[PDB]
file coords_20.txt (compact mmCIF, C-alpha atoms and all ligand atoms)
# COMPACT_ATOMS: atom_id res chain seq x y z
CA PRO F 7 111.28 84.28 119.77
CA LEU F 8 114.08 86.09 117.93
CA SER F 9 114.53 89.74 118.83
CA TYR F 10 113.74 91.82 115.77
CA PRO F 11 115.34 93.80 114.13
CA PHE F 12 118.25 91.32 114.19
CA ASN F 13 120.74 94.07 113.37
CA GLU F 14 120.51 97.81 112.96
CA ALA F 15 120.42 98.75 109.29
CA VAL F 16 123.83 99.81 107.94
CA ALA F 17 124.04 102.02 104.82
CA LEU F 18 122.26 100.03 102.10
CA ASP F 19 123.65 96.68 103.21
CA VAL F 20 120.99 94.00 103.44
CA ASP F 21 121.22 91.73 106.47
CA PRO F 22 122.39 88.30 105.17
CA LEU F 23 119.85 86.63 107.49
CA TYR F 24 117.00 87.45 105.10
CA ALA F 25 118.46 85.27 102.34
CA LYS F 26 119.03 82.52 104.90
CA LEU F 27 115.43 82.87 106.07
CA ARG F 28 114.08 82.92 102.52
CA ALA F 29 115.87 79.67 101.73
CA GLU F 30 115.40 77.82 105.03
CA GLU F 31 112.54 79.33 107.12
CA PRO F 32 110.64 82.10 105.29
CA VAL F 33 108.32 82.97 108.22
CA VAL F 34 109.74 83.27 111.74
CA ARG F 35 108.42 84.34 115.14
CA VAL F 36 109.98 87.51 116.54
CA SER F 37 109.57 89.88 119.44
CA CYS F 38 109.23 93.52 118.47
CA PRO F 39 110.72 96.63 120.08
CA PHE F 40 107.14 97.64 120.90
CA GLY F 41 103.80 95.89 121.07
CA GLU F 42 103.01 92.22 120.56
CA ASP F 43 105.29 89.53 119.18
CA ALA F 44 104.87 88.91 115.45
CA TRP F 45 105.61 86.72 112.44
CA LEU F 46 108.32 88.20 110.23
CA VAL F 47 107.46 87.47 106.57
CA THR F 48 110.35 87.44 104.08
CA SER F 49 109.26 86.01 100.74
CA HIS F 50 107.81 87.72 97.69
CA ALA F 51 104.84 85.33 97.43
CA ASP F 52 103.95 85.63 101.11
CA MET F 53 104.41 89.41 100.89
CA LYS F 54 101.68 89.65 98.25
CA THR F 55 99.42 87.51 100.42
CA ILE F 56 99.77 89.56 103.60
CA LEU F 57 99.59 92.87 101.71
CA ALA F 58 96.56 92.05 99.53
CA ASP F 59 94.65 89.06 100.90
CA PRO F 60 91.52 90.18 102.80
CA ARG F 61 92.30 87.69 105.60
CA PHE F 62 94.85 90.30 106.75
CA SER F 63 93.69 93.56 108.29
CA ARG F 64 95.31 96.91 108.98
CA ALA F 65 92.34 98.21 110.99
CA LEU F 66 92.58 95.27 113.43
CA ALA F 67 95.95 96.61 114.63
CA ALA F 68 93.97 99.24 116.51
CA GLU F 69 92.47 96.49 118.69
CA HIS F 70 95.93 95.24 119.65
CA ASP F 71 99.13 96.61 121.10
CA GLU F 72 100.35 96.81 117.52
CA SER F 73 103.51 94.92 116.62
CA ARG F 74 105.82 97.74 115.55
CA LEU F 75 109.29 99.28 115.59
CA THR F 76 108.12 102.80 116.57
CA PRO F 77 107.42 103.75 120.21
CA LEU F 78 103.80 104.60 119.42
CA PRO F 79 101.50 103.32 116.65
CA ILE F 80 101.69 105.64 113.69
CA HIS F 81 98.66 107.69 112.60
CA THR F 82 98.63 106.10 109.16
CA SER F 83 95.21 107.46 108.10
CA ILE F 84 94.13 105.61 104.91
CA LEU F 85 96.98 103.11 105.40
CA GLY F 86 95.49 102.01 108.73
CA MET F 87 91.98 101.28 107.44
CA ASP F 88 90.04 98.40 105.95
CA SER F 89 86.85 98.48 103.93
CA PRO F 90 84.65 100.27 104.12
CA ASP F 91 86.45 103.30 105.56
CA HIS F 92 89.49 102.66 103.37
CA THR F 93 87.40 102.55 100.20
CA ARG F 94 85.92 105.92 101.21
CA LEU F 95 89.28 107.70 101.54
CA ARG F 96 90.83 105.90 98.57
CA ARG F 97 87.98 107.17 96.40
CA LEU F 98 88.05 110.78 97.56
CA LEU F 99 91.81 110.82 97.14
CA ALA F 100 91.81 109.14 93.74
CA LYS F 101 89.15 111.57 92.50
CA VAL F 102 91.33 114.62 93.33
CA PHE F 103 94.78 113.02 93.00
CA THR F 104 94.35 112.08 89.34
CA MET F 105 96.88 110.98 86.74
CA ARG F 106 95.97 114.09 84.72
CA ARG F 107 96.84 116.34 87.67
CA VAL F 108 100.22 114.61 88.09
CA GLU F 109 101.16 114.63 84.40
CA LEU F 110 100.31 118.34 84.28
CA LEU F 111 102.92 118.92 86.97
CA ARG F 112 105.69 117.76 84.62
CA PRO F 113 106.76 121.22 83.31
CA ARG F 114 107.01 122.61 86.85
CA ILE F 115 108.85 119.53 88.12
CA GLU F 116 111.32 119.72 85.23
CA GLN F 117 111.76 123.47 85.81
CA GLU F 118 112.41 122.94 89.52
CA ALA F 119 115.09 120.32 88.78
CA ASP F 120 116.76 122.71 86.35
CA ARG F 121 116.61 125.54 88.92
CA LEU F 122 118.19 123.35 91.60
CA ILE F 123 121.01 122.36 89.24
CA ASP F 124 121.48 126.05 88.32
CA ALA F 125 122.09 126.83 92.00
CA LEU F 126 124.45 123.87 92.46
CA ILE F 127 126.61 125.09 89.57
CA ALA F 128 126.52 128.72 90.78
CA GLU F 129 127.65 127.65 94.27
CA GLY F 130 130.47 125.46 92.92
CA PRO F 131 131.65 121.94 93.72
CA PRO F 132 131.35 120.03 95.85
CA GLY F 133 127.55 120.02 96.04
CA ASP F 134 125.31 118.07 98.40
CA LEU F 135 122.80 116.13 96.31
CA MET F 136 120.77 115.63 99.53
CA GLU F 137 120.19 119.11 101.02
CA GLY F 138 121.06 120.75 97.69
CA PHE F 139 118.89 118.61 95.43
CA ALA F 140 116.79 115.65 96.62
CA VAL F 141 115.36 117.32 99.73
CA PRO F 142 114.30 120.66 98.13
CA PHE F 143 113.25 118.88 94.90
CA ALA F 144 110.84 116.50 96.63
CA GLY F 145 109.86 119.26 99.06
CA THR F 146 108.89 121.87 96.48
CA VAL F 147 107.06 119.26 94.38
CA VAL F 148 104.86 117.87 97.17
CA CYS F 149 104.41 121.33 98.70
CA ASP F 150 103.18 122.58 95.31
CA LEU F 151 100.83 119.62 94.84
CA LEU F 152 99.48 119.50 98.40
CA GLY F 153 99.30 123.23 99.01
CA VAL F 154 101.52 123.24 102.11
CA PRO F 155 103.68 126.38 101.64
CA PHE F 156 107.30 125.38 101.03
CA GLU F 157 108.28 128.62 102.79
CA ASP F 158 106.95 126.98 106.02
CA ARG F 159 109.42 124.07 105.74
CA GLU F 160 111.57 125.68 108.46
CA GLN F 161 108.59 125.18 110.81
CA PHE F 162 107.17 121.83 109.75
CA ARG F 163 110.26 119.91 108.60
CA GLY F 164 111.25 119.41 112.23
CA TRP F 165 108.05 117.53 113.04
CA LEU F 166 108.22 114.89 110.28
CA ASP F 167 110.64 112.49 112.05
CA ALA F 168 107.93 111.80 114.65
CA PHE F 169 106.08 109.76 112.02
CA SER F 170 109.08 107.58 111.29
CA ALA F 171 111.43 107.47 114.31
CA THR F 172 112.20 104.10 115.91
CA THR F 173 114.85 104.46 118.61
CA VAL F 174 115.78 108.14 118.62
CA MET F 175 112.64 109.94 119.93
CA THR F 176 110.61 109.49 123.11
CA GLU F 177 106.85 108.95 123.19
CA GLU F 178 106.50 112.47 124.63
CA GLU F 179 108.37 114.02 121.71
CA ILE F 180 106.54 111.89 119.14
CA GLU F 181 103.16 112.95 120.56
CA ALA F 182 104.14 116.62 120.77
CA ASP F 183 105.55 116.74 117.23
CA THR F 184 102.57 114.76 115.95
CA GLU F 185 100.24 117.31 117.53
CA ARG F 186 102.26 120.16 116.05
CA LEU F 187 102.02 118.81 112.50
CA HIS F 188 98.31 117.95 112.81
CA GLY F 189 97.60 121.40 114.23
CA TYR F 190 99.66 123.08 111.52
CA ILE F 191 97.66 121.32 108.78
CA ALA F 192 94.34 122.11 110.49
CA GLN F 193 95.15 125.83 110.39
CA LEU F 194 96.09 125.51 106.72
CA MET F 195 92.73 123.81 106.09
CA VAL F 196 90.79 126.82 107.46
CA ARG F 197 92.52 129.11 104.95
CA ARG F 198 92.08 126.62 102.06
CA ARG F 199 88.39 126.06 102.88
CA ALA F 200 87.72 129.81 102.61
CA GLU F 201 90.22 130.52 99.82
CA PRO F 202 90.74 127.46 97.59
CA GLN F 203 93.90 127.12 95.51
CA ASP F 204 94.90 124.62 92.83
CA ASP F 205 96.19 122.01 95.27
CA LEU F 206 95.13 118.77 96.93
CA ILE F 207 94.21 120.17 100.34
CA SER F 208 91.75 122.55 98.69
CA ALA F 209 90.26 119.81 96.50
CA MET F 210 90.01 117.42 99.45
CA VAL F 211 88.30 120.01 101.63
CA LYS F 212 85.85 120.80 98.80
CA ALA F 213 85.03 117.14 98.11
CA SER F 214 84.68 116.36 101.81
CA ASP F 215 82.61 119.47 102.58
CA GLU F 216 80.23 119.05 99.61
CA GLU F 217 79.60 115.41 100.47
CA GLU F 218 80.37 115.36 104.24
CA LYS F 219 82.62 112.47 103.25
CA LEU F 220 85.34 112.99 105.89
CA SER F 221 85.80 114.43 109.36
CA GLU F 222 88.21 117.30 109.94
CA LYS F 223 90.63 115.02 111.81
CA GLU F 224 90.57 112.47 108.97
CA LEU F 225 91.41 115.20 106.46
CA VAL F 226 94.24 116.43 108.69
CA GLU F 227 95.80 113.01 109.20
CA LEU F 228 95.45 112.15 105.49
CA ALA F 229 97.12 115.36 104.30
CA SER F 230 99.85 114.77 106.88
CA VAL F 231 100.74 111.34 105.49
CA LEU F 232 100.80 112.82 101.98
CA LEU F 233 103.22 115.53 103.12
CA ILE F 234 105.46 112.91 104.75
CA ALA F 235 105.41 110.57 101.73
CA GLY F 236 106.18 113.39 99.30
CA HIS F 237 108.80 115.07 101.49
CA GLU F 238 110.57 112.22 103.28
CA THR F 239 109.95 109.02 101.26
CA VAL F 240 110.64 110.56 97.84
CA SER F 241 113.86 112.32 98.90
CA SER F 242 115.05 109.17 100.71
CA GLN F 243 114.50 106.92 97.68
CA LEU F 244 116.08 109.50 95.36
CA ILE F 245 119.27 110.05 97.36
CA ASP F 246 119.59 106.31 97.97
CA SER F 247 119.19 105.68 94.23
CA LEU F 248 121.98 108.17 93.43
CA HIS F 249 124.20 106.26 95.86
CA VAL F 250 123.38 102.99 94.09
CA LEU F 251 124.23 104.55 90.73
CA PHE F 252 127.54 106.00 91.94
CA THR F 253 128.43 102.68 93.60
CA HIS F 254 127.57 100.77 90.39
CA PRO F 255 129.37 103.02 87.88
CA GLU F 256 128.94 100.54 85.02
CA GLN F 257 125.16 100.80 85.21
CA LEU F 258 125.50 104.60 85.47
CA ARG F 259 127.57 104.79 82.26
CA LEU F 260 124.92 102.64 80.59
CA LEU F 261 122.07 104.91 81.69
CA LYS F 262 123.95 108.00 80.50
CA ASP F 263 124.55 106.35 77.13
CA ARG F 264 121.01 104.91 76.78
CA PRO F 265 118.58 107.41 78.37
CA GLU F 266 115.61 105.45 76.99
CA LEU F 267 116.40 102.95 79.79
CA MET F 268 115.25 105.41 82.47
CA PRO F 269 111.74 103.97 83.06
CA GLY F 270 113.04 100.47 83.69
CA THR F 271 115.91 102.00 85.66
CA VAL F 272 113.53 103.71 88.10
CA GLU F 273 111.65 100.41 88.58
CA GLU F 274 114.91 98.55 89.24
CA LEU F 275 115.89 101.24 91.75
CA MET F 276 112.52 100.80 93.49
CA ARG F 277 113.24 97.07 93.80
CA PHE F 278 116.96 97.12 94.56
CA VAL F 279 117.14 100.01 97.04
CA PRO F 280 116.25 98.45 100.45
CA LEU F 281 114.39 101.66 101.20
CA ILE F 282 112.28 100.39 104.07
CA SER F 283 114.78 99.84 106.86
CA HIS F 284 113.13 96.62 108.06
CA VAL F 285 109.35 96.18 107.64
CA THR F 286 106.36 98.23 106.70
CA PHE F 287 103.30 98.35 108.96
CA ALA F 288 101.96 95.17 110.54
CA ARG F 289 98.82 93.34 109.53
CA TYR F 290 96.69 91.06 111.70
CA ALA F 291 95.19 87.79 110.49
CA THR F 292 91.38 87.58 110.69
CA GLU F 293 91.55 83.79 110.34
CA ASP F 294 94.21 81.12 110.27
CA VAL F 295 96.51 81.19 107.25
CA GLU F 296 99.55 79.06 106.45
CA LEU F 297 102.56 80.84 104.96
CA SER F 298 105.63 78.97 103.70
CA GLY F 299 104.96 76.17 106.18
CA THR F 300 104.19 78.31 109.22
CA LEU F 301 100.66 78.49 110.60
CA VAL F 302 99.67 82.08 111.35
CA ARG F 303 96.70 81.95 113.67
CA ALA F 304 93.76 84.33 113.79
CA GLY F 305 94.64 87.45 115.78
CA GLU F 306 98.38 87.12 115.23
CA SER F 307 100.37 89.80 113.44
CA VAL F 308 102.62 89.68 110.37
CA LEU F 309 105.53 92.05 109.62
CA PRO F 310 105.92 92.65 105.85
CA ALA F 311 109.63 92.83 105.04
CA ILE F 312 109.08 94.32 101.59
CA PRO F 313 112.83 94.82 100.81
CA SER F 314 113.44 91.10 101.43
CA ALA F 315 110.64 90.25 99.01
CA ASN F 316 112.37 92.43 96.42
CA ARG F 317 115.51 90.30 96.88
CA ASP F 318 113.60 87.01 96.34
CA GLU F 319 115.75 84.95 94.01
CA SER F 320 112.69 82.83 93.23
CA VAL F 321 111.11 85.92 91.59
CA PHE F 322 114.08 87.98 90.33
CA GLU F 323 117.05 86.27 88.69
CA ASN F 324 120.20 87.48 90.44
CA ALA F 325 118.05 89.42 92.88
CA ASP F 326 121.21 90.48 94.73
CA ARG F 327 122.37 92.32 91.60
CA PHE F 328 121.47 95.80 90.36
CA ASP F 329 120.58 95.61 86.66
CA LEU F 330 118.67 98.56 85.22
CA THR F 331 117.91 96.52 82.07
CA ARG F 332 115.80 94.08 84.14
CA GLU F 333 112.57 93.26 82.28
CA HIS F 334 110.75 91.03 84.78
CA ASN F 335 110.30 93.32 87.80
CA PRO F 336 107.09 92.74 89.82
CA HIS F 337 108.69 94.58 92.72
CA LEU F 338 106.74 95.50 95.85
CA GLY F 339 108.52 98.81 96.51
CA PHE F 340 105.22 100.61 95.93
CA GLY F 341 103.26 98.07 97.89
CA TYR F 342 100.65 95.73 96.54
CA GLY F 343 96.90 95.34 96.61
CA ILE F 344 94.45 97.47 98.57
CA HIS F 345 97.05 99.82 100.12
CA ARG F 346 99.40 100.00 97.11
CA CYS F 347 101.02 103.40 96.70
CA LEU F 348 98.63 106.05 95.41
CA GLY F 349 101.68 108.30 94.98
CA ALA F 350 103.55 105.95 92.64
CA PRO F 351 102.77 107.85 89.39
CA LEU F 352 104.02 111.06 91.00
CA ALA F 353 107.08 109.37 92.52
CA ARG F 354 108.00 107.81 89.16
CA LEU F 355 107.67 111.20 87.44
CA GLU F 356 109.94 112.79 90.05
CA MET F 357 112.54 109.99 89.99
CA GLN F 358 112.69 110.09 86.20
CA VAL F 359 112.87 113.89 85.85
CA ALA F 360 115.46 114.18 88.65
CA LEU F 361 117.83 111.48 87.38
CA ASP F 362 117.60 112.55 83.73
CA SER F 363 118.13 116.23 84.60
CA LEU F 364 121.23 115.62 86.72
CA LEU F 365 122.81 113.39 84.07
CA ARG F 366 121.95 115.72 81.17
CA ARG F 367 123.10 118.90 82.94
CA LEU F 368 126.04 117.33 84.82
CA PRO F 369 127.62 114.72 82.52
CA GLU F 370 130.62 114.20 84.84
CA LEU F 371 128.66 113.73 88.08
CA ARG F 372 130.51 111.54 90.58
CA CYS F 373 130.57 111.04 94.34
CA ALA F 374 133.25 113.23 95.95
CA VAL F 375 134.13 110.96 98.90
CA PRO F 376 134.45 107.18 99.41
CA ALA F 377 131.34 105.30 100.48
CA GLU F 378 132.92 104.60 103.88
CA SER F 379 132.89 108.31 104.73
CA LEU F 380 129.15 108.80 104.23
CA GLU F 381 126.77 109.59 107.08
CA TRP F 382 123.42 107.82 107.13
CA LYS F 383 120.28 108.79 109.04
CA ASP F 384 119.77 106.02 111.59
CA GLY F 385 116.78 105.18 113.73
CA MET F 386 114.09 105.73 111.07
CA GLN F 387 111.76 103.41 109.18
CA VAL F 388 113.39 104.27 105.84
CA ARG F 389 117.06 104.62 104.93
CA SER F 390 118.57 107.88 103.69
CA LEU F 391 121.87 109.71 103.46
CA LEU F 392 122.39 112.91 105.41
CA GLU F 393 124.83 114.24 102.79
CA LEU F 394 125.97 113.08 99.36
CA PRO F 395 128.89 115.29 98.31
CA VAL F 396 129.39 115.20 94.55
CA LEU F 397 131.69 116.55 91.86
CA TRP F 398 131.05 117.47 88.26
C1 LIG K 401 109.69 106.83 96.26
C2 LIG K 401 108.64 107.29 96.95
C3 LIG K 401 107.54 106.38 97.59
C4 LIG K 401 107.61 105.09 97.96
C5 LIG K 401 108.83 104.14 97.90
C6 LIG K 401 106.32 104.70 98.48
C7 LIG K 401 106.02 103.44 98.95
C8 LIG K 401 104.80 103.02 99.41
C9 LIG K 401 104.46 101.70 99.91
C10 LIG K 401 105.42 100.48 99.99
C11 LIG K 401 103.16 101.73 100.26
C12 LIG K 401 102.33 100.58 100.86
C13 LIG K 401 102.72 100.48 102.33
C14 LIG K 401 102.09 99.28 103.01
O1 LIG K 401 101.24 98.59 102.36
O2 LIG K 401 102.42 99.06 104.21
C15 LIG K 401 102.65 103.06 100.02
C16 LIG K 401 101.37 103.50 100.26
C17 LIG K 401 100.91 104.80 100.11
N1 LIG K 401 101.62 105.86 99.57
FE1 LIG K 401 103.53 105.78 98.90
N2 LIG K 401 105.48 105.79 98.39
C18 LIG K 401 106.19 106.83 97.85
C19 LIG K 401 105.70 108.10 97.58
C20 LIG K 401 104.43 108.54 97.83
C21 LIG K 401 103.90 109.85 97.50
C22 LIG K 401 104.71 110.92 96.75
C23 LIG K 401 102.62 109.89 97.92
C24 LIG K 401 101.60 111.05 97.84
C25 LIG K 401 101.97 112.34 97.80
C26 LIG K 401 102.32 108.63 98.57
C27 LIG K 401 101.13 108.26 99.15
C28 LIG K 401 100.81 106.99 99.61
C29 LIG K 401 99.56 106.60 100.21
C30 LIG K 401 98.34 107.53 100.47
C31 LIG K 401 99.61 105.30 100.51
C32 LIG K 401 98.48 104.49 101.19
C33 LIG K 401 97.51 103.99 100.13
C34 LIG K 401 96.37 103.23 100.77
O3 LIG K 401 96.39 102.93 101.99
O4 LIG K 401 95.42 102.93 100.03
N3 LIG K 401 103.44 107.84 98.49
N4 LIG K 401 103.68 103.83 99.50

call {"tool": "encode", "arguments": {"input": "coords_20.txt", "output": "structure tokens"}}
result
Amino acid sequence: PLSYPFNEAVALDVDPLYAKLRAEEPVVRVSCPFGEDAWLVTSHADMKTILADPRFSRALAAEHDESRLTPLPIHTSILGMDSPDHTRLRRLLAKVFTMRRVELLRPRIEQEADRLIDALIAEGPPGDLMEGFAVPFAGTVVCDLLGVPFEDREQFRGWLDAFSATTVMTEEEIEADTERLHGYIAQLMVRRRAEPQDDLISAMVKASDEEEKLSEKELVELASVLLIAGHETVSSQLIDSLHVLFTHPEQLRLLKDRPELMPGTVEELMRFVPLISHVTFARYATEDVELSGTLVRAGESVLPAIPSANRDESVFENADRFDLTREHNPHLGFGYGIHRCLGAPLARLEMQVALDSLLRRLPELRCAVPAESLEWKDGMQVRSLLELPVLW
């Protein structure tokens, strides 16, 4: 069995093996850094099957030593459940995390992007689009929506890596930091139960309390994943997307000249950015299933290599090319099926507002160093820059 990951992720380079596997052996047995051996799945079509077909279970991972890249299984809350418990949380969350609520955030989101650019200009070039834009932009937006005080970021930001770290933290540190975040949210919940605000933690507590829909621990773990997705995943995708744009200047000039391309541009960035470093969370087969010629037996695990699916030449013409005009884009960057991203409307709003604001306010935006000089954050389940120095 091949040792997986084959190679540590470098910048946004995709490992050439995936294209070889997609063409010659789309499903391959691997050993994982932790837990049971698994079947790596590489193709778009098989990705949809393992993500959405009910013969594949997230909740069954709990009955295994879960195939994974993290030292401990992650507390993935709703993303670790099947029906019926998944339906229960999906419904509570959908009911409070509505499209209307998100769209009504637009003036505040736009204002926050303007305020961050104001500070960049006041402080003078070069600016860091990571710590000086993407991080505080995503942070203030999710903190506002969830109800986690952004002023507490100095306390909680240090615990988030525990939910994502592969090689760089010990079990003992992951457990400790996981406890710290869970316990921080639980304290917040006591305040929000007694003193509701216009935020998701308050709405969730109210819905759960008035229907006894969820246990306190379920509410804690669910709010925690929402904080992580809003804070870490959004800022990672955003900074990575800025790198793609700077490293494909011709597409950047096009976007600046044709701002009506933004919605398709954000979708192409979702596809093209290999955001997930390797795979998302493993599923287990409840019965035998054949995938691209390989028999996956009942009780065996599958690793969904979503970024490789988004480079599937059989689904996207010139899948190795970044083209923000791309019309056919059934990308899986927001997942697919039962666990597909509930945050996608919010993430698309943020991506669009952030990119449009920077290009409208900073027409001459360009990366201030060569790509070779950039420092990436290694040992995590998503890729991100640590700094993106820019000029304007
Ligand atoms: C660019 C930013 C984001 C990306 C790329 C992203 C991507 C994804 C992907 C690929 C999945 C499915 C994972 C799998 O099936 O293994 C997912 C699920 C999910 N995402 Fe996101 N996400 C983003 C932002 C957000 C935000 C802002 C929120 C909420 C504040 C959020 C909440 C969730 C939840 C709750 C799920 C699980 C849904 C379920 O199990 O039913 N995400 N996301």

call {"tool": "closest_residue", "arguments": {"input": "coords_20.txt", "among": "F:356, F:323, F:150, F:329", "to": "residue 205 (chain F)", "atoms": "only C-alpha atoms"}}
result
F:150

call {"tool": "closest_residue", "arguments": {"input": "coords_20.txt", "among": "F:21, F:69, F:266, F:227", "to": "ligand LIG 401 (chain K)", "atoms": "all atoms listed in the file"}}
result
F:227

call {"tool": "closest_residue", "arguments": {"input": "coords_20.txt", "among": "F:80, F:140, F:180, F:240", "to": "ligand LIG 401 (chain K)", "atoms": "all atoms listed in the file"}}
result
F:240

call {"tool": "residues_around", "arguments": {"input": "coords_20.txt", "residues": "residue 289 (chain F)", "least_positions_apart": "5", "cutoff": "9 Å", "atoms": "only C-alpha atoms", "output": "list in words"}}
result
residues 56, 57, 62, 63, 64, 65, 66, 67, 72, 73, 306, 307, 308, 309 and 310 of chain F

call {"tool": "residues_around", "arguments": {"input": "coords_20.txt", "residues": "region 261-263 of chain F", "least_positions_apart": "4", "cutoff": "10 Å", "atoms": "only C-alpha atoms", "output": "PDB file with C-alpha atoms, in the frame of the given file"}}
result
ATOM      1  CA  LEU F 251     124.230 104.550  90.730  1.00  0.00           C
ATOM      2  CA  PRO F 255     129.370 103.020  87.880  1.00  0.00           C
ATOM      3  CA  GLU F 256     128.940 100.540  85.020  1.00  0.00           C
ATOM      4  CA  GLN F 257     125.160 100.800  85.210  1.00  0.00           C
ATOM      5  CA  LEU F 267     116.400 102.950  79.790  1.00  0.00           C
ATOM      6  CA  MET F 268     115.250 105.410  82.470  1.00  0.00           C
ATOM      7  CA  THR F 271     115.910 102.000  85.660  1.00  0.00           C
ATOM      8  CA  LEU F 330     118.670  98.560  85.220  1.00  0.00           C
ATOM      9  CA  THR F 331     117.910  96.520  82.070  1.00  0.00           C
ATOM     10  CA  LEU F 361     117.830 111.480  87.380  1.00  0.00           C
ATOM     11  CA  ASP F 362     117.600 112.550  83.730  1.00  0.00           C
ATOM     12  CA  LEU F 365     122.810 113.390  84.070  1.00  0.00           C
ATOM     13  CA  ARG F 366     121.950 115.720  81.170  1.00  0.00           C
ATOM     14  CA  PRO F 369     127.620 114.720  82.520  1.00  0.00           C
TER      15      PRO F 369
END

call {"tool": "atom_distance", "arguments": {"input": "coords_20.txt", "atom1": "atom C4 of ligand LIG 401 (chain K)", "atom2": "CA of residue 235 (chain F)"}}
result
7.0 Å

call {"tool": "atom_distance", "arguments": {"input": "coords_20.txt", "atom1": "CA of residue 316 (chain F)", "atom2": "CA of residue 83 (chain F)"}}
result
25.6 Å

call {"tool": "residues_around", "arguments": {"input": "coords_20.txt", "residues": "residue 172 (chain F)", "least_positions_apart": "2", "cutoff": "8 Å", "atoms": "only C-alpha atoms", "output": "MDAnalysis selection string"}}
result
chainID F and resid 75:77 170 174:175 385:387

call {"tool": "closest_residue", "arguments": {"input": "coords_20.txt", "among": "F:164, F:39, F:90, F:138", "to": "ligand LIG 401 (chain K)", "atoms": "only C-alpha atoms and all ligand atoms"}}
result
F:90

call {"tool": "residues_around", "arguments": {"input": "coords_20.txt", "residues": "residue 17 (chain F)", "least_positions_apart": "6", "cutoff": "10 Å", "atoms": "only C-alpha atoms", "output": "list in words"}}
result
residues 246, 249, 280, 283, 377, 378, 380, 381, 382, 383, 384, 389, 390 and 391 of chain F

call {"tool": "closest_residue", "arguments": {"input": "coords_20.txt", "among": "F:373, F:276, F:302, F:168", "to": "ligand LIG 401 (chain K)", "atoms": "all atoms listed in the file"}}
result
F:276

call {"tool": "residues_around", "arguments": {"input": "coords_20.txt", "residues": "residue 311 (chain F)", "least_positions_apart": "4", "cutoff": "12 Å", "atoms": "only C-alpha atoms", "output": "PyMOL selection string"}}
result
chain F and resi 10-11+20-21+24-25+27-28+32-34+45-54+56-57+280-289+315-318+338-339+341+387

call {"tool": "atom_distance", "arguments": {"input": "coords_20.txt", "atom1": "CA of residue 124 (chain F)", "atom2": "CA of residue 139 (chain F)"}}
result
10.6 Å

call {"tool": "closest_residue", "arguments": {"input": "coords_20.txt", "among": "F:153, F:305, F:131, F:86", "to": "ligand LIG 401 (chain K)", "atoms": "all atoms listed in the file"}}
result
F:86
